[PDB]
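Let me begin by presenting the structure, written as structure tokens, before commenting on it.
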Amino acid sequence: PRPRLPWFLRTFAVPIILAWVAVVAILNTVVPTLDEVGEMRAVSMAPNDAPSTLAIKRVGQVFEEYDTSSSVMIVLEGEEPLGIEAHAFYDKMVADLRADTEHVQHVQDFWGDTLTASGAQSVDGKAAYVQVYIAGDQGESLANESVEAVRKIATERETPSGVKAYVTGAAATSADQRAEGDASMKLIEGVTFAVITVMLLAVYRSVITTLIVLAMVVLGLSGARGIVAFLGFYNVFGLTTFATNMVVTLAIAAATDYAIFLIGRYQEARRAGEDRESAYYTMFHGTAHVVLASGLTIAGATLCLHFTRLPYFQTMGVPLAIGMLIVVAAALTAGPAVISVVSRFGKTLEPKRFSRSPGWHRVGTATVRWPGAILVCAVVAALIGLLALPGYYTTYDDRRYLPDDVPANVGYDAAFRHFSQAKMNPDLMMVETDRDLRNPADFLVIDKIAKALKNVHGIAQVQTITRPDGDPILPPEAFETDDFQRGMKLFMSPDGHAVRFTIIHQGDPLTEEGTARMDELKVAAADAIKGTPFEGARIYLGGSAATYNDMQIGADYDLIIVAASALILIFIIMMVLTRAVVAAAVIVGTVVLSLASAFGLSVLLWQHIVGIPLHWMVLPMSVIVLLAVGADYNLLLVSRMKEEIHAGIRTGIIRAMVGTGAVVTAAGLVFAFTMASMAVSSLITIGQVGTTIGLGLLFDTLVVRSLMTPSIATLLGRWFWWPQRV
């Protein structure tokens, strides 16, 4: 009277294993490697409706210069002040850049014209910079290719002695970030596998069992990689560095956890005295639903990213869910098949300890005897991490999160050695009318607008037609001058319908004060256009500061939406499986409390020890994984409690603690260490995400699963399983 599903998985184990291996091999061989697919299918990091991107694109369209939103700055640095040779080299480089229309779309030559030459040259005179609008939006593969082409054009040429060109900028930073993440993914995988091997040898103390678990992990990881790369290659969805790295790490960790659960339950059945066939059937009956529910929870939590606004999270959503589904399918079908096939030979999967752990029994007895005090202590420990909130802050520049030898970092270092960050991050503001503004009164009004913008606090320079370098030059004889005509061509649209101001903020515009300055600039422009024929003009404001403001707004909204959706979906899944509202609520609440400790530990590790503030993407990525895995562990505990409750509530809790003590502890340690192994990446954002998830899962395994959940269960008693009667 064996159930049909485990019987089928056991009788046809060899065909199932062969089919899984063949499918995974086909997926990997037919389509290129995941790194190449991610490079080809990289997506822009800014939403198409972002105000900054729209403003920059509108400026490009109006002036008939470009249709992109990505600009890289080429900085010429010299050991001696630049002169005739440097100018000739710069002119040749500009001509070559303009020749390559495939990648370069516009070159804002300001050092060339004597009208704005002083603006583009450093105070010491040993350096200069030129902005280049390149094809493709920041982040996508076309932008990376354009950055590489610009860098090749600038560096690979005959340069004057002591003069070097560096291609810095936000687009270059994103390209180098993607390159570093893709490069470090291999090292992440290697270190993760080494850590997993060490942990498995420690847990099982058997080389054969470790090899079996490693084989299952390799199968699951390879399947997830193959399907993700296959779908990405055929343009089903976009991919990012974070998406690929998290797919790989989560696949490895989830496969290892599922294998640990199955093998631990099988070995517990063996220790109970059941034969190998009966042990396998007991293992399946006791862990198949738990593994399926845990995988569905992880997949749904990851899929919740798909309903965000920022392109990175949204593009990360679907691939993670698909990969988790593949890992679960492999674990529930190839898992038991491998276990049966292996256990049919010698003393392979038979346990070596053949003894119980008095520590877990003692912990269970203590938790049952004194639930209130243990619960209070666990809650206090979880909420201690809230102390990191007052000191918590984030930065948006990615220079800190990349290695110094990175070309973008070298360019930024040279620029900051010779220029200020405000100049390297100018803010563009276009005022567009439906008439021609090439009349002296309109120029007076434009100068008034520029003065209004300068009056705003933290506004260092306002370059425009009336202020080519920020210093004002108005008879028509001024118009008759050729330099004024060139300035009009540079700062006004070909038809004269629009005028663009370049605003350099005092200090650093990439701050909260910078956002306030942006808002005040919009207000000042609106005030200036009042009462003038410019009243109907539309105002667009783009740049690095506006882009980072949009990123901040999107990050906040995405964090809120992701947290809410993940909580609701996980609660629904746990309610469906456990058939108890109170149990699911307890699981979700305990993991939510663990989240605060996770955040506190991560902030303490990175801000106050390493010295690098958490990236603006770490928390939304880490929240879903922490919630899913903590819910899975509490689900294991609750499921075993439901199985053992027939002997009594407290006796059932103690038996659940004993049975699922070592297995879930080993699984949690393995998952936490696999996540923490991402810290080896050169990209520091991925390391922060991995360390945050690892710390959170360590706290959940040590405190939440062991103490908080059993204490809450004991205190609730019969009400823990409401509404179903016990």
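Chain identifiers are assigned as A, B, and so on, following the order in which chains appear in the structure tokens; residues are numbered from 1 within each chain, and ligands are numbered from 1 in order of appearance.
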Requested in this report: Could you tell me, as a ChimeraX atom specification, which residues of range 118-290 of chain A DSSP assigns to strand (DSSP E or B) when given the backbone?
Outcome: /A:121,127-134,163-168,239
Filtering to C-alpha atoms, could you give me those residues as a compact mmCIF listing (two decimals), in the first residue's frame?
```txt
# COMPACT_ATOMS: atom_id res chain seq x y z
CA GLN A 121 40.10 73.07 -17.63
CA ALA A 127 43.83 68.51 -16.61
CA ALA A 128 40.70 68.84 -18.71
CA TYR A 129 37.45 66.96 -19.27
CA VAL A 130 35.02 66.44 -22.15
CA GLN A 131 31.55 64.92 -21.95
CA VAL A 132 30.53 62.24 -24.48
CA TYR A 133 26.92 61.11 -24.88
CA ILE A 134 27.12 57.47 -25.95
CA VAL A 163 49.36 62.98 -20.71
CA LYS A 164 46.87 60.19 -20.06
CA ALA A 165 43.16 59.88 -20.81
CA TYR A 166 40.66 58.20 -18.47
CA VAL A 167 37.02 57.44 -19.27
CA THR A 168 35.02 57.91 -16.08
CA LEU A 239 19.43 39.73 -16.65
```
Report task. Using backbone DSSP assignments, extract all helix (DSSP H, G or I) residues from range 29-109 of chain A; output them as a ChimeraX atom specification. Result -> /A:29-30,34-40,51-63,84-99
Report summary line: The residue from A:251, A:227, A:321, A:349 with the smallest atom-to-atom distance to residue 276 in chain A, counting only C-alpha atoms, is A:349
**Report entry** Among the residues A:661, A:562, A:241, A:116, the one that comes closest to residue 466 in chain A [using only C-alpha atoms]
**Finding:**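 Using only C-alpha atoms, the shortest distance to residue 466 in chain A belongs to A:116.
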Report summary line: Nearest to residue 78 in chain A, restricted to only C-alpha atoms and choosing among A:189, A:49, A:535, A:124, comes out as A:124
Query raised in the report: What lies within 7 Å of range 136-153 of chain A using only C-alpha atoms, ignoring chain neighbours under 5 positions off, as a count of residues only?
Result: 18
Identify, on the basis of only C-alpha atoms, every residue whose closest approach to residue 506 in chain A does not exceed 9 Å; exclude the query and any residue fewer than 3 positions from it along the same chain; express the result as a PDB file with C-alpha atoms, in the first residue's frame.
```pdb
ATOM      1  CA  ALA A 422      30.392  68.684  -8.533  1.00  0.00           C
ATOM      2  CA  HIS A 457      21.847  77.781  -2.040  1.00  0.00           C
ATOM      3  CA  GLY A 458      24.524  75.324  -3.086  1.00  0.00           C
ATOM      4  CA  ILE A 459      24.672  76.518  -6.707  1.00  0.00           C
ATOM      5  CA  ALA A 460      28.300  77.125  -7.653  1.00  0.00           C
ATOM      6  CA  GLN A 461      28.157  77.709 -11.412  1.00  0.00           C
ATOM      7  CA  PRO A 509      25.029  67.470  -5.397  1.00  0.00           C
TER       8      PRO A 509
END
```
**Report entry** Residue among A:37, A:596, A:188, A:196 lying closest to residue 218 in chain A, counting only C-alpha atoms
**Finding:**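 Ranking A:37, A:596, A:188, A:196 by distance to residue 218 in chain A, first place goes to A:196.
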Report as a PDB file with N, CA and C atoms, in the first residue's frame all protein, DNA and RNA residues lying within 8 Å of residue 328 in chain A, evaluated on only C-alpha atoms, omitting residues in the same chain fewer than 5 positions from it.
```pdb
ATOM      1  N   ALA A 255      19.441  23.818  -2.963  1.00  0.00           N
ATOM      2  CA  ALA A 255      19.666  22.406  -3.245  1.00  0.00           C
ATOM      3  C   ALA A 255      20.329  21.717  -2.063  1.00  0.00           C
ATOM      4  N   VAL A 291       9.517  20.206   1.797  1.00  0.00           N
ATOM      5  CA  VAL A 291      10.447  20.707   0.789  1.00  0.00           C
ATOM      6  C   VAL A 291       9.695  21.456  -0.302  1.00  0.00           C
ATOM      7  N   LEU A 292       8.562  20.909  -0.749  1.00  0.00           N
ATOM      8  CA  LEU A 292       7.777  21.581  -1.779  1.00  0.00           C
ATOM      9  C   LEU A 292       7.297  22.945  -1.300  1.00  0.00           C
ATOM     10  N   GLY A 295      10.219  25.429  -1.093  1.00  0.00           N
ATOM     11  CA  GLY A 295      10.613  25.898  -2.408  1.00  0.00           C
ATOM     12  C   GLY A 295       9.609  26.860  -3.006  1.00  0.00           C
TER      13      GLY A 295
END
```
Can I get the residues of range 224-262 of chain A within 8 Å of range 670-686 of chain A, each with the closest pair of atoms and their distance in Å to one decimal, using only C-alpha atoms, sorted chain first then ascending number, as a tab-separated table?
```
residue	atom	partner	partner_atom	distance
A:242	CA	A:686	CA	6.8
A:245	CA	A:686	CA	7.9
A:249	CA	A:675	CA	6.7
A:250	CA	A:675	CA	7.8
A:252	CA	A:674	CA	7.8
A:253	CA	A:671	CA	5.1
A:254	CA	A:671	CA	7.5
A:256	CA	A:670	CA	7.6
A:257	CA	A:671	CA	7.0
```
Report task. Using only C-alpha atoms, determine which residues lie at most 7 Å from residue 584 in chain A, disregarding the query and same-chain residues fewer than 6 positions distant; provide the list as JSON, numbers by chain. Result -> {"A": [571, 574, 575]}
